[PDB]
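Undergrad: before I ask anything, here's the sequence and the deposited coordinates:
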Amino acid sequence: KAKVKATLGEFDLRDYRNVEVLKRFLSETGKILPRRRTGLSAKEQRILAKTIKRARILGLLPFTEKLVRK
Amino acid sequence: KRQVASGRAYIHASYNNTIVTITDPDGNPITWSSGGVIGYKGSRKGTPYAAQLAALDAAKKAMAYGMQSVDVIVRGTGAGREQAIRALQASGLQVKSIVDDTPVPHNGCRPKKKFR
Amino acid sequence: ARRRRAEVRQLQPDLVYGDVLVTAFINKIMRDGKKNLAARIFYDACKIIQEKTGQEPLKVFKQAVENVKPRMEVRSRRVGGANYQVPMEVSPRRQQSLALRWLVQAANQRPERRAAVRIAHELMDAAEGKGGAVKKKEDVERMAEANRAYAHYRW
RNA sequence: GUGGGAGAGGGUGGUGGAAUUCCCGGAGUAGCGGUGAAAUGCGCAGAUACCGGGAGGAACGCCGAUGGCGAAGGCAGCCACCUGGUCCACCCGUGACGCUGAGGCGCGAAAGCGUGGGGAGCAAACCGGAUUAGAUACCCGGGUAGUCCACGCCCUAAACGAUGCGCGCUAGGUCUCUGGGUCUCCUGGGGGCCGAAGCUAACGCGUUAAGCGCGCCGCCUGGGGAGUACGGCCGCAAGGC
Ligand SMILES: [Mg+2]
Ligand SMILES: [Mg+2]
Ligand SMILES: [Mg+2]
Ligand SMILES: [Mg+2]
Ligand SMILES: [Mg+2]
Ligand SMILES: [Mg+2]
Ligand SMILES: [Mg+2]
Ligand SMILES: [Mg+2]
Ligand SMILES: [Mg+2]
Ligand SMILES: [Mg+2]
Ligand SMILES: [Mg+2]
Ligand SMILES: [Mg+2]
Ligand SMILES: [Mg+2]
Ligand SMILES: [Mg+2]
Ligand SMILES: [Mg+2]
Ligand SMILES: [Mg+2]
Ligand SMILES: [Mg+2]
Ligand SMILES: [Mg+2]
Ligand SMILES: [Mg+2]
Ligand SMILES: [Mg+2]
Ligand SMILES: [Mg+2]
Ligand SMILES: [Mg+2]
Ligand SMILES: [Mg+2]
Ligand SMILES: [Mg+2]
Ligand SMILES: [Mg+2]
Ligand SMILES: [Mg+2]
Ligand SMILES: [Mg+2]
Ligand SMILES: [Mg+2]
Ligand SMILES: [Mg+2]
Ligand SMILES: [Mg+2]
Ligand SMILES: [Mg+2]
Ligand SMILES: [Mg+2]
Ligand SMILES: [Mg+2]
Ligand SMILES: [Mg+2]
Ligand SMILES: [Mg+2]
Ligand SMILES: [Mg+2]
Ligand SMILES: [Mg+2]
Ligand SMILES: [Mg+2]
Ligand SMILES: [Mg+2]
Ligand SMILES: [Mg+2]
Ligand SMILES: [Mg+2]
Ligand SMILES: [Mg+2]
Ligand SMILES: [Mg+2]
Ligand SMILES: [Mg+2]
Ligand SMILES: [Mg+2]
Ligand SMILES: [Mg+2]
Ligand SMILES: [Mg+2]
Ligand SMILES: [Mg+2]
Ligand SMILES: [Mg+2]
Ligand SMILES: [Mg+2]
Ligand SMILES: [Mg+2]
Ligand SMILES: [Mg+2]
Ligand SMILES: [Mg+2]
Ligand SMILES: [Mg+2]
Ligand SMILES: [Mg+2]
Ligand SMILES: [Mg+2]
Ligand SMILES: [Mg+2]
Ligand SMILES: [Mg+2]
Ligand SMILES: [Mg+2]
Ligand SMILES: [Mg+2]
Ligand SMILES: [Mg+2]
Ligand SMILES: [Mg+2]
Ligand SMILES: [Mg+2]
Ligand SMILES: [Mg+2]
Ligand SMILES: [Mg+2]
Ligand SMILES: [Mg+2]
Ligand SMILES: [Mg+2]
Ligand SMILES: [Mg+2]
Ligand SMILES: [Mg+2]
Ligand SMILES: [Mg+2]
Ligand SMILES: [Mg+2]
Ligand SMILES: [Mg+2]
Ligand SMILES: [Mg+2]
Ligand SMILES: [Mg+2]
Ligand SMILES: [Mg+2]
Ligand SMILES: [Mg+2]
Ligand SMILES: [Mg+2]
Ligand SMILES: [Mg+2]
Ligand SMILES: [Mg+2]
């Protein structure tokens, strides 16, 4: 499978308000994908985690979701 | 005596029992069943067979109110979690969708010694 | 059988009917290795079934054996302390030995005085769905579908 | 000094969603719960399961790491303010201003003490139910102190790398966090794994030394008696040195 950084443009990892790209980092649930799946570096991942959590408080990213399967 | 004809079926599966509630589309229940509602008494409630007959009993109970379509909601890890869904599919109630909504905390309340 | 599969014994085809199921049934009748006596029982029991009934004893023998074959049975399995009666299917080979053994055992529980009388009468009742052997079969399938709650311990 | 950096380092205020419990309403019957089986428990004054509203307390899922920070204890939602340590580049300034450190002074997980709050979940003691030969236990149902906050005590620990601090020297390989660079790589500062020489009773250690040297502090000198007795200092007490 592809990684998220691999299929994406040049984006601001620090902009908490850009949902279209930030949504691509959550999973089927609201969970923040691991580095195995985001292709991010050690430092980039630390920044993403913090920006996603910021967007979650503005109401733009979901804290958790429901899985439609099983 | 209601004629709802479409609604939700919540499967609550724990290791000691499986119990099924069938509600109208805005969540108010209609009928329900469990491993204890059918004959079983002890540890046999948390068996997959009990889960089967439980789902099926609540299914036939919802037929009386005229249900056809069902949106399945599943909570918990337990034996006969899958066995109860498979019963609901075969029950005749058309299964619209299936969602696992098991509530997991964000690590807030200290668990009983059993769960640490 | 810890090493191998323990291949099945291939019995001799029957001298009269040329059927292997007959011989196998004859052998269950045999006691103390008197196969000559056990055959004369079965064959004289074929005269009984073919006179008192205008049908072919071969087909009744098979039709009887079929009605005693159990499709499920229960076994025990040690789980968390005391064990459980676990329902599971019956191998087509085991349906052979069980139906045959039951027919012979049932017939010797019978009131009739002479041996061949009891065999024939049992076979007839068994082929009609009654008699002592079909009881042991209908009672076993009752163990399963009663302990159906342990169908997840299949093994 | 200058210019940059990463970080659950600390303190204060604020704030977000998930979950548990409780209350209100709706809908809805006969059980739920729990175990190896059970029973005590709860449920017709309507529980369990389900939808909605509210209250309150505690802890932060994923990210999360074999990761990072701190002298140690220890430190994880998010935001803001106050603040400590530390690393790198420049080769600018001072001109041996250094190292260690008996005593002193401060910090010091958890449990425990005092005063006043708080109290959802958990839970010593305790009340029950089981198991058992017995059960002063493991398993189950309850439950008080306590766990949380403020202020003041207490000073213990497998407080562990069971490895005191600083400096110099002595093959490399590989994974990694974070800087700088002419950016297959080089070069620092951390965190790991193999391993040269060497050391070690052995296991093992090996540029993060348990190698080679030097400086300084602490400490050991067979087991039991015993971390006891006595004396002293500290403590409200428990008790500590
Ligand atoms: Mg049970
Ligand atoms: Mg938790
Ligand atoms: Mg806790
Ligand atoms: Mg917790
Ligand atoms: Mg556990
Ligand atoms: Mg649970
Ligand atoms: Mg868990
Ligand atoms: Mg688990
Ligand atoms: Mg745990
Ligand atoms: Mg666990
Ligand atoms: Mg035993
Ligand atoms: Mg046993
Ligand atoms: Mg037994
Ligand atoms: Mg048994
Ligand atoms: Mg300058
Ligand atoms: Mg901090
Ligand atoms: Mg802080
Ligand atoms: Mg804070
Ligand atoms: Mg109510
Ligand atoms: Mg009762
Ligand atoms: Mg209860
Ligand atoms: Mg209670
Ligand atoms: Mg009552
Ligand atoms: Mg009662
Ligand atoms: Mg609610
Ligand atoms: Mg309250
Ligand atoms: Mg969790
Ligand atoms: Mg977790
Ligand atoms: Mg983790
Ligand atoms: Mg974690
Ligand atoms: Mg760590
Ligand atoms: Mg460090
Ligand atoms: Mg530690
Ligand atoms: Mg700072
Ligand atoms: Mg100069
Ligand atoms: Mg000068
Ligand atoms: Mg001079
Ligand atoms: Mg000192
Ligand atoms: Mg002083
Ligand atoms: Mg302390
Ligand atoms: Mg404490
Ligand atoms: Mg107190
Ligand atoms: Mg409790
Ligand atoms: Mg308890
Ligand atoms: Mg005993
Ligand atoms: Mg604690
Ligand atoms: Mg420690
Ligand atoms: Mg020692
Ligand atoms: Mg020590
Ligand atoms: Mg050095
Ligand atoms: Mg670089
Ligand atoms: Mg290094
Ligand atoms: Mg290697
Ligand atoms: Mg090796
Ligand atoms: Mg090797
Ligand atoms: Mg060597
Ligand atoms: Mg050696
Ligand atoms: Mg060696
Ligand atoms: Mg080594
Ligand atoms: Mg060197
Ligand atoms: Mg050294
Ligand atoms: Mg000493
Ligand atoms: Mg001595
Ligand atoms: Mg001794
Ligand atoms: Mg000793
Ligand atoms: Mg001793
Ligand atoms: Mg002693
Ligand atoms: Mg001693
Ligand atoms: Mg001692
Ligand atoms: Mg002693
Ligand atoms: Mg001594
Ligand atoms: Mg002591
Ligand atoms: Mg003295
Ligand atoms: Mg004293
Ligand atoms: Mg005093
Ligand atoms: Mg006392
Ligand atoms: Mg005491
Ligand atoms: Mg003591
Ligand atoms: Mg003492």
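TA: Cool, got the structure. Residues are numbered from 1 along each chain as shown, chains lettered A, B, ... in the order given. Ligands and ions are numbered 1, 2, ... in the order given.
Undergrad: endpoints of stretch A:55-70, how far apart?
TA: 29 Å (C-alpha to C-alpha, to the nearest Å).
Undergrad: list the buried ones in that stretch?
TA: For stretch A:55-70, a neighbour-count test (16 or more other C-beta atoms under 10 Å in any protein chain shown) marks A:55-56, A:61 as buried. Placement of C-beta: from N, CA and C, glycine included.
Undergrad: show me those that map onto helices.
TA: Residues of the buried residues of stretch A:55-70 located in helices (DSSP state H): A:55-56.
Undergrad: name the nearest residue to residue B:98, sequence neighbours excluded.
TA: Distances taken as C-beta to C-beta, 6 or more residues apart in numbering or on different chains put residue B:72 closest to residue B:98, at 4.4 Å, once the chain neighbours are dropped.
Undergrad: sheet partners, orientation included, of the helix or strand containing that neighbour?
TA: According to DSSP states H and E, residue B:72 maps onto strand B:69-75. Counting by DSSP bridges, the strands paired with strand B:69-75 are strand B:6-14 (parallel), strand B:94-100 (parallel).
Undergrad: is any residue of it near RNA strand D?
TA: Yes - with C-beta under 7 Å from any atom of the strand as the measure, strand B:69-75 is seen reaching RNA strand D through residue B:75.
Undergrad: what sits up against that strand?
TA: Here strand B:69-75 makes contact (C-beta atoms under 8 Å, 6 or more residues apart in numbering or on different chains) with A:70, B:5-13, B:22, B:25, B:62, B:81, B:85, B:88, B:93-103.
Undergrad: list the buried residues for it?
TA: B:70-75.
Undergrad: walking through chain C, point out its strands one by one.
TA: C:72-77, C:84-89 (DSSP state E).
Undergrad: gap between the first one and the chain center?
TA: Between the mean C-alpha location of strand C:72-77 and the chain-wide mean there is a distance of 18 Å, by C-alpha atoms, centre = their mean, to the nearest Å.
Undergrad: now do stretch C:12-30
TA: Distance, centroid of stretch C:12-30 to centroid of chain: 13 Å (C-alpha atoms, centre = their mean).
Undergrad: got the contact list for it?
TA: Against stretch C:12-30 from outside (C-beta under 8 Å, 6+ apart): C:10-11, C:35, C:37-39, C:41-43, C:58, C:61-62, C:65, C:96, C:100-101, C:103-104, C:119.
Undergrad: correct me if wrong: residue B:48 contacts residue B:78.
TA: No - with contact defined as C-beta atoms under 8 Å, residue B:48 does not reach residue B:78; the gap is 9.1 Å.
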